[PDB]
Amino acid sequence: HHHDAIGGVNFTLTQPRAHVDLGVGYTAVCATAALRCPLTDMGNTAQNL
Amino acid sequence: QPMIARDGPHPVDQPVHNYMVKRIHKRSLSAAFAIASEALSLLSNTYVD
């Protein structure tokens with residue numbers, strides 16, 4: 001795909017693709033293994049209504 | 001730097017080239033060496049002794 005930009009032109013290269021899961025049962029199993037540092041705070045911030 | 005391809009409603013990424021310039025830093029080294037007065041009197045003969 002071709003369009004102009006602020007310096008020159010922009011080329012956008014695209015490619016369509018499709019995926020099929022040809023498994024009868026469940027063919028992928030994930031599980032959480034390790035724990036990193038918590039992102040949030042376990043503080044005391046009372047909700048204001 | 002390298003670049004990855006992704007689909008969906010994210011803006012299409014372009015690769016980025018980085019240019020960096022460094023400069024030198026000047027230092028020095030110093031050491032001393034002494035000669036006594038009697039040695040200077042002895043070595044300044046030049047064929048009189």
# chains A, B, ... in the order shown; residues from 1 in each chain; ligands from 1

call {"tool": "residues_around", "arguments": {"residues": "stretch 13-23 of chain A", "least_positions_apart": "2", "cutoff": "12 Å", "atoms": "only C-alpha atoms", "output": "list in words"}}
result
residues 1, 2, 3, 10, 11, 25, 26, 27 and 28 of chain A; 5, 6, 7, 8, 12, 13 and 14 of chain B

call {"tool": "write_last_selection", "arguments": {"atoms": "C-alpha atoms", "output": "compact mmCIF listing (two decimals), in the first residue's frame"}}
result
# COMPACT_ATOMS: atom_id res chain seq x y z
CA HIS A 1 0.00 0.00 0.00
CA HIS A 2 1.21 3.51 -0.84
CA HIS A 3 0.47 6.84 0.84
CA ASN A 10 5.00 5.34 3.27
CA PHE A 11 4.95 1.75 2.00
CA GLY A 25 -9.34 -32.47 22.12
CA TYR A 26 -7.15 -29.83 23.75
CA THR A 27 -3.70 -29.59 22.15
CA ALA A 28 -2.21 -26.75 24.21
CA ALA B 5 5.14 -7.54 12.42
CA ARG B 6 1.76 -7.34 14.12
CA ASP B 7 -1.82 -7.03 12.89
CA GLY B 8 -4.92 -5.32 14.19
CA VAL B 12 2.37 0.15 11.67
CA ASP B 13 5.90 0.37 13.02
CA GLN B 14 8.99 1.43 11.07

call {"tool": "atom_distance", "arguments": {"atom1": "atom CA of residue B:2", "atom2": "atom CA of residue B:18"}}
result
11.7 Å

call {"tool": "atom_distance", "arguments": {"atom1": "atom CA of residue B:34", "atom2": "atom CA of residue B:49"}}
result
24.2 Å

call {"tool": "atom_distance", "arguments": {"atom1": "atom CA of residue B:1", "atom2": "atom CA of residue B:15"}}
result
6.6 Å
